[PDB]
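Colleague: Mind having a look at this structure? Questions to follow.
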There are 4 protein chains.
Amino acid sequence: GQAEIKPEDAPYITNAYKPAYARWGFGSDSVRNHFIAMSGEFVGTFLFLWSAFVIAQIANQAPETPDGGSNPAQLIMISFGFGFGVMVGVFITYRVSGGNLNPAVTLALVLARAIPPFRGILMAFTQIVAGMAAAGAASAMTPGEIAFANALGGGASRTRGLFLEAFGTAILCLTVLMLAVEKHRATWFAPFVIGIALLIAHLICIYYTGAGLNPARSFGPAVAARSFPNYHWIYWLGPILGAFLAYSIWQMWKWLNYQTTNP
Amino acid sequence: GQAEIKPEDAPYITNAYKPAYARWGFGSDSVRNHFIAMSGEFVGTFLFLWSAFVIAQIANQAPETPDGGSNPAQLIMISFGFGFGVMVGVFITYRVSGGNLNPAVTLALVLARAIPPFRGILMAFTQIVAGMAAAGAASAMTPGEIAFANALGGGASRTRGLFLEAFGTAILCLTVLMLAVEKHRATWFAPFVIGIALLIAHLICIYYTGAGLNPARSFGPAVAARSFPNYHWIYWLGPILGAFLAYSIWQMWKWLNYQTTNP
Amino acid sequence: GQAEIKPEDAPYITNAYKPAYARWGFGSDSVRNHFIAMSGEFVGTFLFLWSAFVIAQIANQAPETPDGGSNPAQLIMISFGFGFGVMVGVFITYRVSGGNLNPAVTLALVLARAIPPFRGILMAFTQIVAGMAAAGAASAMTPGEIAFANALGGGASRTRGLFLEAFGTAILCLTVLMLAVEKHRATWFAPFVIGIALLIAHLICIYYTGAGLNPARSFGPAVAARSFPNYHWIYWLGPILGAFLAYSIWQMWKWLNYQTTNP
Amino acid sequence: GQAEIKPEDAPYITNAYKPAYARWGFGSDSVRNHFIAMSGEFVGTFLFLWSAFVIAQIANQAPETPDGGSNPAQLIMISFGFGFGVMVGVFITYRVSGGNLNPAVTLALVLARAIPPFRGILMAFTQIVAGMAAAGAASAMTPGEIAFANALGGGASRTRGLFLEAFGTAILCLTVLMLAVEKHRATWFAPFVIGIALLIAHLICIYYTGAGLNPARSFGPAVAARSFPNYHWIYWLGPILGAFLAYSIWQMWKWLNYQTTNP
Ligand SMILES: CCCCCCCCO[C@@H]1O[C@H](CO)[C@@H](O)[C@H](O)[C@H]1O
Ligand SMILES: CCCCCCCCO[C@@H]1O[C@H](CO)[C@@H](O)[C@H](O)[C@H]1O
Ligand SMILES: CCCCCCCCO[C@@H]1O[C@H](CO)[C@@H](O)[C@H](O)[C@H]1O
Ligand SMILES: CCCCCCCCO[C@@H]1O[C@H](CO)[C@@H](O)[C@H](O)[C@H]1O
Ligand SMILES: CCCCCCCCO[C@@H]1O[C@H](CO)[C@@H](O)[C@H](O)[C@H]1O
Ligand SMILES: CCCCCCCCO[C@@H]1O[C@H](CO)[C@@H](O)[C@H](O)[C@H]1O
Ligand SMILES: CCCCCCCCO[C@@H]1O[C@H](CO)[C@@H](O)[C@H](O)[C@H]1O
Ligand SMILES: CCCCCCCCO[C@@H]1O[C@H](CO)[C@@H](O)[C@H](O)[C@H]1O
Ligand SMILES: CCCCCCCCO[C@@H]1O[C@H](CO)[C@@H](O)[C@H](O)[C@H]1O
Ligand SMILES: CCCCCCCCO[C@@H]1O[C@H](CO)[C@@H](O)[C@H](O)[C@H]1O
Ligand SMILES: CCCCCCCCO[C@@H]1O[C@H](CO)[C@@H](O)[C@H](O)[C@H]1O
Ligand SMILES: CCCCCCCCO[C@@H]1O[C@H](CO)[C@@H](O)[C@H](O)[C@H]1O
Ligand SMILES: CCCCCCCCO[C@@H]1O[C@H](CO)[C@@H](O)[C@H](O)[C@H]1O
Ligand SMILES: CCCCCCCCO[C@@H]1O[C@H](CO)[C@@H](O)[C@H](O)[C@H]1O
Ligand SMILES: CCCCCCCCO[C@@H]1O[C@H](CO)[C@@H](O)[C@H](O)[C@H]1O
Ligand SMILES: CCCCCCCCO[C@@H]1O[C@H](CO)[C@@H](O)[C@H](O)[C@H]1O
Ligand SMILES: CCCCCCCCO[C@@H]1O[C@H](CO)[C@@H](O)[C@H](O)[C@H]1O
Ligand SMILES: CCCCCCCCO[C@@H]1O[C@H](CO)[C@@H](O)[C@H](O)[C@H]1O
Ligand SMILES: CCCCCCCCO[C@@H]1O[C@H](CO)[C@@H](O)[C@H](O)[C@H]1O
Ligand SMILES: CCCCCCCCO[C@@H]1O[C@H](CO)[C@@H](O)[C@H](O)[C@H]1O
Ligand SMILES: CCCCCCCCO[C@H]1O[C@@H](CO)[C@H](O)[C@@H](O)[C@@H]1O
Ligand SMILES: CCCCCCCCO[C@H]1O[C@@H](CO)[C@H](O)[C@@H](O)[C@@H]1O
Ligand SMILES: CCCCCCCCO[C@H]1O[C@@H](CO)[C@H](O)[C@@H](O)[C@@H]1O
Ligand SMILES: CCCCCCCCO[C@H]1O[C@@H](CO)[C@H](O)[C@@H](O)[C@@H]1O
Ligand SMILES: [Cl-]
Ligand SMILES: [Cl-]
Ligand SMILES: [Cl-]
Ligand SMILES: [Cl-]
Ligand SMILES: [Cl-]
Ligand SMILES: [Cl-]
Ligand SMILES: [Cl-]
Ligand SMILES: [Cl-]
Ligand SMILES: [Cl-]
């Protein structure tokens, strides 16, 4: 009553498709392993953010919408660039670094003790450098003035923008926690769900905040544009609050042993 | 002829990705387990409906279409917010509560005896409170008048709207029954299919009814807007009829032992 | 070196998610089994085509595009209704009838000897009745004149339309053959790929032919509109040619034992 | 503690859904096996590029956007045609040829030693002939002048276009390497990720270069239009550079034994 697995096909069963941080135990603090993790975060964050920056540049060449109105097709395009861009980046780098590609996601995972603090700082630094490189590349590669930096819009105040950014980032981070960090038959598929979470968070936030949801995404274009709005802090504090909210929900479920009827 | 599973990778095989209601047997009536289920429905319904309400708010800032015409890009955006929003919510909460996020889905599952009536009532109450919280949050977070409450449009009568809502809800509930409640190799993937079902149901209904398809989705914005149209009942009776239709089809297939050639 | 499967989780492994026709051997010619198959095709085809007809009705209320031009957002909406509509229908009915939902797909599968001719005729008749019911329901449920019947457009001739319909249907049928009929680790996922194939085929065909790709989809609206264009035959012959082309490619690969390096 | 697999269901476990090149060992140099591989690349590339060419033809009938601006809905439609078109093609041909459908992808895989050079040349030649056939068919099937040939736009220079094409092709090729060539539990799903990578690469490139990303995609329409721009070379050199960049990253990760904490 077992189905035969041919020896040439055993790798597709034995080689689990799991985030790299699930297997960062003893031995992980070598220079080699720190470099692997940094290289995954650099490559992944660069390709995700470069892609999404060029896509936003293009989408923002659409004719202006009167009276401050929204442009649904434009918003869909930009959300695809970030949502599908992160999906591809995370699928590529999942077994390299785990594909965080976002200092707020790394923060949630350090709070959850999925990633130790020093490795987490290395990853976050890498993501921010990658975002600076992506912004510089996207600027160099496109004509016109930079149109992919974050700014308030749509009549949103700074306070509203802070809360939009926090709850959007929370959705993203809770997705990573429940699909990638939690170990089950759907862990392999987490990069898909993470990408859809980011897609959604962009449909919520682009019109009002530009959609930061990721300090590395917001910092790099500000550097490249040589321009920091005085409300730039919302793109740091909002995602940090969202990481903590997501962690807090996950932690409650872990204390409750959520997945088991009779612990 | 078996492929080796390394002990560190056994959790990805042994921990099934299955809806929580599949494992609610003896022991389930503890306060702990009722609270777990309520917390999954609250978190999931809040994040799904909050997201989708803000997305609809934004989409409804598009310039008006003349002569009552439709705006396909706008309709696509809103359908993404509800369809992908529910997808993310259900993937997050699948092993917490099963991710119903909708009193009509809970009703279908109580009729199918997947969920017992008292737990079902607790879940439905939770969903309605979550929808009120989401509406209040989305209103507080966005400028302008609320634009995410349901209303008839597109020249549709109340009777047409009732039938559109019933058949759209039936599609959703039959999806949950056949992909999540029925146990097979695709059960793990049900949250994806459920989200696409809801996406479709929004492309059918937004233009004509606003797309309720979920009494908790329709009630909360009416509370927040301090406004109930006299036809609000279609957003309760239509989804209830759809739950019964879906249940009736599933029940026929169960009586027939559909999946087996020679019972 | 094996991972434990808890007895309550064995159904998710032992109950394969496979099309019903894979298991239609001895015993299949009972009235019960013919009725099961017909009921799957009726329910699936009705929900798919009803959904997609209402979605097309709505999309076709968009303001007219000047000079015969195309409207990409409108075309995307309609393609979503048919592509995601068929995806949901096939996922629901996969283990009931196999989810053909299309006489041309049934024809390809009768040529491939996946489905015997008498059962195939029963299924095709059912699909055509379902399409008539869906058209009548969609008409009854929506205001205005029917806008979901097929017609030539975009400057396309009948001959061009015949070839567009044939090659689009071939893509669909080759997808079913290679993902659902062929037995492998991705068979379970065929409903997804089938839906994307149909999505693509609609982006190819709507503007020029209305996108028939399915005689049951084309016949029912003509009945409901009390209107058959003299070129209606392209919506029968084109899909029949496409079924044969797909079958011919698959048959060549089967003769070649494509999947095996050293037969 | 094992779940029963019924003998009729063993094929869905034993028949791995893996790219054909994973199993091209001894015996592969027969005429039969060369023909199988060529037939997969021909069928797959023809259906992908034919589909996407007709879709682009249609999308390019949209009313002109003033002042050189972008049209997000149009760009989304075209990206769907190539991204979902390649997805369907690769799912169909995965176990036939591996579904490269692109000389630059074949080049990356020859550099990675996944495909030997002579077979690789045969595949690339086939892809280019398929692209010529697809262009000729799409032209013959549609009214109007050909609108699916690549050209610079959006104010992009040749140098910018070369770099956009190189980095977009790199994303595609790194996706193939890390999801299809690398052997793990997600290899079966690589056709999905490959299609999303191509979707993204089109949202980056269409507006500025037309999106070549594939010498067979760029050559065939130039032949059919009897028109080669003097910058046509960017559609060869850009994808070749991208293949090398992707290979270089993958090779670094292979030298590092990326997937293992303690080699
Ligand atoms: C002398 C004591 C040496 C202790 C070496 C312990 C190395 C544990 O190392 C861990 O092993 C697991 C496999 O068992 C892997 O999954 C982890 O990737 C790895 O970090
Ligand atoms: C890895 C990223 C390298 C990208 C290099 C960007 C391409 C340079 O592009 C050049 O920019 C000039 C102004 O800077 C313009 O005047 C040129 O005509 C344009 O080609
Ligand atoms: C919604 C309540 C928490 C978010 C509030 C964001 C306030 C942003 O506003 C900041 O408030 C600070 C404290 O009052 C003042 O010190 C700063 O000058 C002011 O910019
Ligand atoms: C406390 C939140 C974290 C902020 C991250 C560091 C980004 C700050 O960065 C700095 O912004 C200043 C604005 O006054 C500028 O003058 C500098 O130009 C800018 O680089
Ligand atoms: C086995 C791990 C579970 C730990 C015991 C959980 C018992 C608490 O159970 C729940 O706690 C909630 C507090 O958030 C209360 O609101 C609920 O009323 C209560 O049922
Ligand atoms: C003295 C009698 C005590 C009866 C205790 C029965 C507990 C059954 O409990 C059930 O067990 C299943 C595992 O077997 C789990 O899947 C279910 O989650 C759980 O509800
Ligand atoms: C968890 C949800 C908490 C969200 C709080 C909403 C943000 C408050 O936002 C404020 O609303 C005022 C009117 O109410 C406006 O006048 C302000 O300028 C706007 O900032
Ligand atoms: C399509 C037939 C079933 C749906 C019918 C919806 C009727 C909604 O209309 C209601 O009909 C009731 C009964 O006649 C009257 O009592 C109510 O006043 C009227 O509002
Ligand atoms: C029978 C269908 C279920 C209805 C769910 C309860 C919602 C009713 O709710 C009530 O609607 C009334 C309209 O007359 C109002 O006057 C109240 O303002 C409103 O809260
Ligand atoms: C093994 C479980 C199957 C129960 C026996 C089913 C026998 C009925 O079989 C079917 O019943 C339908 C009623 O809906 C009739 O319309 C069909 O003609 C008949 O074939
Ligand atoms: C006296 C001879 C009676 C012959 C009865 C043969 C029944 C075969 O029946 C077949 O069995 C397979 C399981 O083995 C199932 O997968 C198929 O669904 C079923 O059609
Ligand atoms: C299962 C499908 C049943 C759907 C019934 C369709 C709803 C009837 O709808 C009615 O159509 C009339 C004209 O026919 C209009 O005049 C009405 O005001 C409209 O309500
Ligand atoms: C492209 C070649 C095959 C498709 C051709 C479609 C021809 C549709 O045209 C039909 O051609 C028939 C045969 O000449 C004539 O008998 C019919 O009157 C004419 O309508
Ligand atoms: C040979 C292709 C199959 C055609 C399927 C049958 C559809 C024909 O149907 C018939 O079309 C005629 C047009 O002359 C009409 O007069 C009838 O109104 C119509 O129902
Ligand atoms: C083991 C099953 C494989 C059957 C033998 C296949 C041998 C034919 O092989 C191929 O046949 C093609 C015909 O379409 C020719 O075009 C090719 O040149 C030839 O290599
Ligand atoms: C006399 C020596 C003959 C050597 C024949 C070796 C054939 C190896 O052939 C390989 O076998 C593998 C299965 O083991 C398959 O996966 C590969 O597809 C196949 O190329
Ligand atoms: C496999 C691809 C075969 C496709 C054949 C294309 C259809 C021929 O189509 C014809 O093109 C003529 C000009 O060439 C036009 O004048 C016709 O009226 C149009 O029908
Ligand atoms: C960005 C730097 C690498 C890409 C540069 C693309 C240059 C395309 O420009 C080419 O440059 C060649 C070498 O100077 C000259 O020989 C060619 O005439 C000129 O067309
Ligand atoms: C070196 C990059 C590879 C180029 C691939 C071959 C395509 C060249 O092709 C040739 O382009 C020439 C332009 O001068 C033309 O005159 C010919 O018309 C054209 O077919
Ligand atoms: C077991 C296979 C791993 C081979 C040994 C890798 C040791 C190199 O390790 C890394 O090399 C990088 C070079 O790219 C350096 O930048 C890093 O500082 C270093 O940690
Ligand atoms: C990507 C974001 C990385 C988060 C790094 C958080 C840095 C906090 O790390 C802290 O860990 C404490 C252990 O409890 C130590 O006591 C402190 O010294 C240390 O600063
Ligand atoms: C989310 C919607 C929850 C549906 C709850 C339905 C409430 C009906 O529950 C009913 O169950 C019956 C058992 O047959 C009892 O006899 C009744 O007393 C009870 O009201
Ligand atoms: C959905 C479309 C169903 C296709 C049914 C095709 C009907 C052809 O079936 C044919 O089978 C032959 C066996 O070789 C018989 O000899 C013929 O009598 C019979 O008509
Ligand atoms: C689709 C693109 C196919 C790439 C084919 C690359 C052709 C290079 O192949 C090369 O292989 C070398 C082995 O090191 C030989 O020494 C050379 O003779 C040969 O040209
Ligand atoms: Cl260590
Ligand atoms: Cl403020
Ligand atoms: Cl109990
Ligand atoms: Cl009415
Ligand atoms: Cl029988
Ligand atoms: Cl003609
Ligand atoms: Cl050989
Ligand atoms: Cl240049
Ligand atoms: Cl899977």
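Chains: A, B, ... in order of the structure tokens. Residues: from 1 per chain. Ligands: from 1, in order shown.
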Within 9 Å of residue 100 (chain A), counting only C-alpha atoms, which residues qualify if same-chain residues fewer than 2 places away don't, as a ChimeraX atom specification?
Modeller: /A:41,44-45,90,93-94,97-98,102-106,123,127,176
Colleague: For the selection you just gave me, I'd like the residues written to a file as a short mmCIF file (atom, residue, chain, number, x, y, z; two decimals), in the first residue's frame, keeping N, CA and C atoms.
Modeller:
data_model
loop_
_atom_site.label_atom_id
_atom_site.label_comp_id
_atom_site.auth_asym_id
_atom_site.auth_seq_id
_atom_site.Cartn_x
_atom_site.Cartn_y
_atom_site.Cartn_z
N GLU A 41 19.34 37.86 0.98
CA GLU A 41 18.59 39.10 1.20
C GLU A 41 19.00 40.15 0.19
N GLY A 44 17.55 39.01 -3.41
CA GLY A 44 16.12 39.04 -3.38
C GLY A 44 15.56 40.44 -3.26
N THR A 45 16.08 41.23 -2.33
CA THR A 45 15.56 42.57 -2.11
C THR A 45 15.86 43.44 -3.31
N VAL A 90 10.93 36.03 -3.11
CA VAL A 90 10.85 35.08 -1.98
C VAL A 90 10.95 33.65 -2.52
N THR A 93 14.69 33.04 -3.20
CA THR A 93 15.62 33.10 -2.07
C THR A 93 15.16 32.33 -0.86
N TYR A 94 14.05 31.60 -0.94
CA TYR A 94 13.49 30.95 0.23
C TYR A 94 14.49 30.05 0.92
N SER A 97 18.04 32.50 2.18
CA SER A 97 17.91 33.35 3.35
C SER A 97 16.55 33.30 4.01
N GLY A 98 15.59 32.66 3.40
CA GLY A 98 14.20 32.69 3.80
C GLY A 98 13.41 33.79 3.16
N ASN A 102 12.72 42.67 3.79
CA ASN A 102 11.91 43.70 4.49
C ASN A 102 12.33 43.76 5.94
N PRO A 103 12.92 44.87 6.41
CA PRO A 103 13.32 44.88 7.83
C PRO A 103 12.22 44.66 8.84
N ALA A 104 10.98 45.03 8.48
CA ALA A 104 9.87 44.79 9.41
C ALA A 104 9.53 43.32 9.55
N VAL A 105 9.65 42.56 8.43
CA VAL A 105 9.44 41.11 8.51
C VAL A 105 10.58 40.50 9.35
N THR A 106 11.83 40.91 9.10
CA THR A 106 12.91 40.39 9.93
C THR A 106 12.67 40.70 11.40
N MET A 123 20.81 41.03 8.30
CA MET A 123 19.81 40.98 7.24
C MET A 123 19.15 42.33 6.99
N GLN A 127 19.20 44.53 3.54
CA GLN A 127 17.98 44.95 2.85
C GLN A 127 17.99 46.44 2.56
N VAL A 176 3.63 35.80 7.02
CA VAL A 176 4.92 35.15 7.14
C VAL A 176 4.91 34.25 8.37
#
Colleague: Step by step, measure atom-to-atom distances between ligand 4 and each residue using only C-alpha atoms and all ligand atoms, keep those at most 7 Å, then write them as a VMD selection string.
Modeller: chain A and resid 219 223 227 to 228 230 233 236 to 237
Colleague: Which residues are near ligand 19 in this structure, taking near to mean any atom at most 12 Å from a ligand atom and counting only C-alpha atoms and all ligand atoms? Format them as a compact mmCIF listing (two decimals) with N, CA and C atoms, in the first residue's frame.
Modeller:
# COMPACT_ATOMS: atom_id res chain seq x y z
N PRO D 103 15.41 31.12 -26.05
CA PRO D 103 16.84 30.79 -26.15
C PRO D 103 17.72 31.26 -25.01
N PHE D 125 17.28 26.72 -31.85
CA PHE D 125 16.85 26.82 -33.24
C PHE D 125 15.36 26.59 -33.37
N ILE D 128 13.35 29.62 -32.19
CA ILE D 128 13.37 30.71 -33.17
C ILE D 128 12.46 30.39 -34.34
N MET D 132 8.99 32.52 -35.45
CA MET D 132 8.70 32.97 -36.82
C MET D 132 7.33 32.46 -37.21
N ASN D 214 13.72 37.51 -24.76
CA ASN D 214 13.58 36.24 -25.46
C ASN D 214 13.87 36.47 -26.94
N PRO D 215 15.08 36.13 -27.43
CA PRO D 215 15.40 36.41 -28.83
C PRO D 215 14.39 35.82 -29.81
N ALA D 216 13.78 34.69 -29.53
CA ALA D 216 12.78 34.12 -30.45
C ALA D 216 11.50 34.98 -30.52
N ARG D 217 11.19 35.64 -29.40
CA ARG D 217 10.04 36.55 -29.38
C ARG D 217 10.29 37.82 -30.20
N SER D 218 11.51 38.29 -30.22
CA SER D 218 11.83 39.49 -30.92
C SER D 218 12.12 39.29 -32.40
N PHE D 219 12.73 38.18 -32.75
CA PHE D 219 13.10 37.91 -34.13
C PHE D 219 11.91 37.67 -35.02
N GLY D 220 10.98 36.83 -34.58
CA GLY D 220 9.90 36.44 -35.48
C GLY D 220 9.07 37.60 -35.99
N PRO D 221 8.59 38.50 -35.13
CA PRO D 221 7.83 39.66 -35.61
C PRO D 221 8.64 40.55 -36.53
N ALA D 222 9.95 40.71 -36.33
CA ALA D 222 10.77 41.54 -37.22
C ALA D 222 10.76 40.92 -38.62
N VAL D 223 10.86 39.59 -38.72
CA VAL D 223 10.79 38.88 -39.97
C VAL D 223 9.44 39.12 -40.63
N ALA D 224 8.36 38.97 -39.88
CA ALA D 224 7.01 39.09 -40.39
C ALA D 224 6.69 40.52 -40.84
N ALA D 225 7.25 41.51 -40.16
CA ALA D 225 7.07 42.92 -40.49
C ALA D 225 8.04 43.43 -41.55
N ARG D 226 8.97 42.54 -41.86
CA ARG D 226 10.02 42.84 -42.80
C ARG D 226 10.71 44.09 -42.34
N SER D 227 11.08 44.18 -41.08
CA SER D 227 11.57 45.39 -40.45
C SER D 227 12.45 45.06 -39.26
N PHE D 228 13.74 45.36 -39.32
CA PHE D 228 14.64 45.25 -38.20
C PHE D 228 15.15 46.63 -37.78
N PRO D 229 14.83 47.11 -36.60
CA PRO D 229 15.42 48.39 -36.17
C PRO D 229 16.91 48.19 -35.99
N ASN D 230 17.67 49.30 -36.13
CA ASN D 230 19.11 49.17 -36.05
C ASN D 230 19.53 48.77 -34.63
N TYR D 231 18.71 49.00 -33.63
CA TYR D 231 18.97 48.60 -32.26
C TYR D 231 18.47 47.22 -31.94
N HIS D 232 18.13 46.42 -32.94
CA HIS D 232 17.62 45.07 -32.68
C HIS D 232 18.56 44.25 -31.82
N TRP D 233 19.86 44.52 -31.93
CA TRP D 233 20.87 43.84 -31.15
C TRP D 233 20.58 43.88 -29.65
N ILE D 234 19.87 44.87 -29.12
CA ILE D 234 19.63 44.89 -27.69
C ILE D 234 18.78 43.68 -27.29
N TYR D 235 17.98 43.16 -28.19
CA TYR D 235 17.08 42.03 -27.90
C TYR D 235 17.80 40.71 -27.98
N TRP D 236 19.05 40.68 -28.35
CA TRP D 236 19.95 39.52 -28.31
C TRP D 236 20.93 39.73 -27.16
N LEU D 237 21.68 40.81 -27.16
CA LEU D 237 22.71 40.99 -26.13
C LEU D 237 22.10 41.14 -24.76
N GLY D 238 20.97 41.85 -24.65
CA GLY D 238 20.37 42.05 -23.29
C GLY D 238 20.00 40.71 -22.68
N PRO D 239 19.19 39.88 -23.36
CA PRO D 239 18.88 38.55 -22.79
C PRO D 239 20.10 37.66 -22.58
N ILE D 240 21.10 37.70 -23.43
CA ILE D 240 22.32 36.92 -23.18
C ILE D 240 23.02 37.39 -21.92
Colleague: With DSSP run on the backbone, what are the helix (DSSP H, G or I) residues within region 32-201 of chain B? I'd like them as a ChimeraX atom specification.
Modeller: /B:32-59,66-68,72-93,103-111,117-141,158-181,187-201
Colleague: Using CA of residue 96 (chain A) and atom 8 (C, counted along the ligand's line) of ligand 1 as the two end points, give the distance in Å to one decimal.
Modeller: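 Between these atoms lies a distance of 17.8 Å.
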Colleague: Taking only C-alpha atoms into account, find every residue of chain B that has an atom no more than 8 Å from chain C, and write it out as a PyMOL selection string.
Modeller: chain B and resi 4-7+10-11+13-14+16+65-66+69-73+76+155-156+160-161+163-164+171+174-175+178-179+183-187+193+196-197+200-201+203-204+207+253+256+258-259+261-262
Colleague: So how many Å separate CA of residue 147 (chain D) and CA of residue 210 (chain D), to one decimal?
Modeller: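 Result for CA of residue 147 (chain D) versus CA of residue 210 (chain D): 10.3 Å, one decimal.
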Colleague: Compute the set of protein, DNA and RNA residues whose minimum atom distance to ligand 21 is at most 6 Å, using only C-alpha atoms and all ligand atoms, and state it as a ChimeraX atom specification.
Modeller: /A:103,106-107,110,117,120-121,124
Colleague: How would the residues just chosen look if you wrote them out with N, CA, C and O atoms as a CSV table (one decimal), in the first residue's frame?
Modeller:
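The resulting file, selection.csv, is shown below:
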chain,number,residue,atom,x,y,z
A,103,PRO,N,12.9,44.9,6.4
A,103,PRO,CA,13.3,44.9,7.8
A,103,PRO,C,12.2,44.7,8.8
A,103,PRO,O,12.5,44.2,9.9
A,106,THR,N,11.8,40.9,9.1
A,106,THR,CA,12.9,40.4,9.9
A,106,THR,C,12.7,40.7,11.4
A,106,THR,O,12.9,39.9,12.3
A,107,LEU,N,12.2,41.9,11.7
A,107,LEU,CA,11.9,42.3,13.1
A,107,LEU,C,10.8,41.3,13.7
A,107,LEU,O,11.0,40.8,14.8
A,110,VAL,N,12.5,38.1,14.5
A,110,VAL,CA,13.4,38.2,15.6
A,110,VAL,C,12.6,38.2,16.9
A,110,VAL,O,12.9,37.5,17.9
A,117,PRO,N,18.9,37.9,17.0
A,117,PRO,CA,19.1,39.3,16.8
A,117,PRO,C,20.3,39.7,15.9
A,117,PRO,O,20.1,40.6,15.1
A,120,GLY,N,19.7,39.0,12.4
A,120,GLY,CA,18.6,39.8,12.0
A,120,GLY,C,19.1,41.2,11.6
A,120,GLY,O,18.6,41.8,10.6
A,121,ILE,N,20.0,41.8,12.5
A,121,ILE,CA,20.5,43.1,12.1
A,121,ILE,C,21.3,43.0,10.8
A,121,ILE,O,21.2,43.9,10.0
A,124,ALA,N,18.8,43.0,8.0
A,124,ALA,CA,18.1,44.3,7.9
A,124,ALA,C,19.0,45.4,7.2
A,124,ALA,O,18.6,46.1,6.3
Colleague: Report, in Å to a single decimal, how far apart atom 10 (C, counted along the ligand's line) of ligand 20 and CA of residue 118 (chain A) are.
Modeller: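 Interatomic distance, CA of residue 118 (chain A) to atom 10 (C, counted along the ligand's line) of ligand 20: 17.3 Å.
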Colleague: Counting only C-alpha atoms and all ligand atoms, what are the residues, protein, DNA or RNA alike, that approach ligand 8 to within 7 Å? I want them as a ChimeraX atom specification.
Modeller: /B:158-159,162
Colleague: Hey, what's within 7 Å of residue 169 (chain B) if we count only C-alpha atoms and toss same-chain stuff fewer than 6 positions away? As a ChimeraX atom specification, please?
Modeller: /B:213,239,242-243
Colleague: Suppose we keep C-alpha atoms; can you now write the selection as a short mmCIF file (atom, residue, chain, number, x, y, z; two decimals), in the first residue's frame?
Modeller:
data_model
loop_
_atom_site.label_atom_id
_atom_site.label_comp_id
_atom_site.auth_asym_id
_atom_site.auth_seq_id
_atom_site.Cartn_x
_atom_site.Cartn_y
_atom_site.Cartn_z
CA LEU B 213 -22.44 37.90 0.00
CA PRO B 239 -26.77 34.79 1.49
CA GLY B 242 -27.26 30.67 -1.09
CA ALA B 243 -25.98 28.71 1.90
#
Colleague: Looking at B:154, B:172, B:166, B:49, which one is nearest to residue 129 (chain B), with distances taken over only C-alpha atoms?
Modeller: B:49
Colleague: Under the rule of at most 6 Å, produce a per-residue listing of chain B near ligand 10: chain, number, name, the closest pair of atoms, and the distance in Å, as a Markdown table, using only C-alpha atoms and all ligand atoms.
Modeller:
| residue | atom | partner | partner_atom_place_in_ligand_line | distance |
| --- | --- | --- | --- | --- |
| B:255 | CA | ligand 10 | 2 (C) | 5.4 |
| B:256 | CA | ligand 10 | 3 (C) | 3.6 |
| B:257 | CA | ligand 10 | 2 (C) | 4.8 |
| B:263 | CA | ligand 10 | 1 (C) | 5.4 |
Colleague: Selected residues, C-alpha atoms, written as a PDB file, in the first residue's frame, please.
Modeller:
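After the write, result-v6.pdb holds the following:
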ATOM      1  CA  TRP B 255     -26.194  10.725  -0.584  1.00  0.00           C
ATOM      2  CA  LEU B 256     -24.927   9.565  -3.981  1.00  0.00           C
ATOM      3  CA  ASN B 257     -21.405   8.762  -2.597  1.00  0.00           C
ATOM      4  CA  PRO B 263     -19.839   1.943  -3.195  1.00  0.00           C
TER       5      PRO B 263
END
